[PDB]
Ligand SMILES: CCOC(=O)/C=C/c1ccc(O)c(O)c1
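A single chain comes next, written as structure tokens; it is the form deposited without the named molecule.
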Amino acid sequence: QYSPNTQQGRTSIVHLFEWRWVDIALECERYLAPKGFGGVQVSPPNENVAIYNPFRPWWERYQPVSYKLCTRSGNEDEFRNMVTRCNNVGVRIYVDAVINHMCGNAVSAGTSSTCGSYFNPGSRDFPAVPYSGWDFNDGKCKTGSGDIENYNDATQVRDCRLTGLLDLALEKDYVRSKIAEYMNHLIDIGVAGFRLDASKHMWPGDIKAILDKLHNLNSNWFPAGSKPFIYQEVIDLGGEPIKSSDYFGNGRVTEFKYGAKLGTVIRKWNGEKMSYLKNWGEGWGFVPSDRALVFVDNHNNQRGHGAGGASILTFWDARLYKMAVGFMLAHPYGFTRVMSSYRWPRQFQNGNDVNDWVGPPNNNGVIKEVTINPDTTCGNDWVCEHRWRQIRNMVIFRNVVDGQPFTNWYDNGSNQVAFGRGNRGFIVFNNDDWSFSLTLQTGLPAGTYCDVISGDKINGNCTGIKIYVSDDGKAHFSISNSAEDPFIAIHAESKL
């Protein structure tokens, strides 16, 4: 469960948040495969509640109605078409599996669902699965409200209703089997693994019982005996009784300390300084690197949901954001997920975004096409961070330096730092309020190297900054503190 099952040499996945299956299928062939991406986390592919108050929020997809593959992203044929075409060019699909719960206990009964399935939350009836009253934890939960009241109590976090969401009785073999039937349906279509949503609200043993029932990956694309990649969403910032290490037996865990600490460092809040990143990783209290799924922001905390707080960097803070993502993608700790978002009319009232609910770009609920502009950016309000040159070239950086040790670290005692990855890549940052001009040891073979942050290598030429490494591995680096991108990166495959 710990290995992502990407094609060898492909080291990241991208969360194509709320994209449609047809758009993802095309993106695999025209972009993700040629640019060396490892895979795509898709939004939950199972039927959810169509919520109209407010109007079709992104988070209606975390309120399941059934396990039919029938959503605003597409129907089952399009989902299958996507996974096949993506696997056919060597780009994996990972499913956001919402398996802790069904919809909100207060949603109205009816057919307001993305496949029109009937469901009745008051009476606990989900006949399209089918689930009924004795498939939820109403009788297990001990809180007064029936919802989770106190996170210092590990048992109610598991058996009670996360913000009112009907809590599946994951102890029963029937519920475990119905979930496993859904997941095996996905696996045989060809998915490489799963994000387990709200894993902190499931017992590690119940998760295990579910995964024990799963097939091996589809043997047309994966070697025989491959198991699905598992990363569990556990928000563990410390000080709670539940520890993400309690989930290491099922697979990797999301490491939410990563983005919170890195964002604090890059914003230079709280006295933090990039020079402190010299022991980045477990030295900062993070989970072991082989159990970490890392990311700068995710779909929740880029909009104030979940956790991570004010320090989280997002596409809204683009200049610092590219630096954070670049550092993450260059540093060997963890398996990297890159966020890919859409813009929404973010409108802060008292420090709260009253439109943090707004769903994907849409006309009357029908999700807009991801259009591709002539400059390879996206139209229709898809941000497409994974197409930003500085991010995409760092995804390639991580591929190129895969397996090389962290080495040749430099810092100025403040916010000017550099480090290499064996003899295959080297990266230099200036986050101080003055300029950086220094000759550094790069660990690279002598030559002329395109900076892949400011430009590209294209047939014997660089379109941006050139870096000249001497026979002793030293090279001069010049970064003004007013630089648009105040960092430079070079690697073995940007060498002329």
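A residue's number is simply how far along the shown sequence it sits, counting from 1.
According to the PDB record, 162 to 170 carries the higher mean C-alpha B-factor of the two stretches 183 to 191 and 162 to 170.
Here the stretch with the larger average CA B-factor, out of 460 to 468 and 64 to 72, is 460 to 468. Out of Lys368, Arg92, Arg392, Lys243, the entry records its largest CA B-factor for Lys243.
Going by the entry's values, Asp375 shows the largest Cα B-factor out of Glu233, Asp96, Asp375, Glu78.
When the modelled residues of the chain are ordered by their C-alpha B factor, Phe37 lands in the lowest third. Looking at the C-alpha B-factors along this chain, the one for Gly309 belongs to the highest third. Ranked by C-alpha B-factor against the other modelled residues of its chain, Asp317 falls in the lowest third.
Residue-level temperature factors show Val253 in the lowest third of its chain, judged at the C-alpha atom.
When all modelled residues of the chain are sorted by CA temperature factor, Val452 is found within the middle third.
Below: the form deposited with the named molecule bound, not depicted.
Mapping the unseen interface onto this chain, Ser244 counts among the residues with a heavy atom inside 4.5 Å of the named molecule in the entry with it bound. None of the heavy atoms of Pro405 is located within 4.5 Å of the named molecule in the entry with it bound.
Residue contact check for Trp221: none of its heavy atoms lie within 4.5 Å of the named molecule in the entry with it bound. The named molecule is not drawn, but in the entry with it bound it has no heavy atom within 4.5 Å of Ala483. You can rule out all but one of 395 to 403, 415 to 423, 79 to 87, 180 to 188: in the entry with it bound, only 79 to 87 has residues with a heavy atom within 4.5 Å of the named molecule. Proximity to the named molecule in the entry with it bound, defined as a heavy atom within 4.5 Å, singles out one entry of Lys268, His215, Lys257, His331, which is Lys257.
Screening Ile210, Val287, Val325, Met274 for any heavy atom within 4.5 Å of the named molecule in the entry with it bound leaves a single hit, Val287. Residues of 368 to 385 lying near the named molecule in the entry with it bound, listed in sequence order, are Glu369, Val370, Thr371, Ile372, the criterion being any heavy atom within 4.5 Å.
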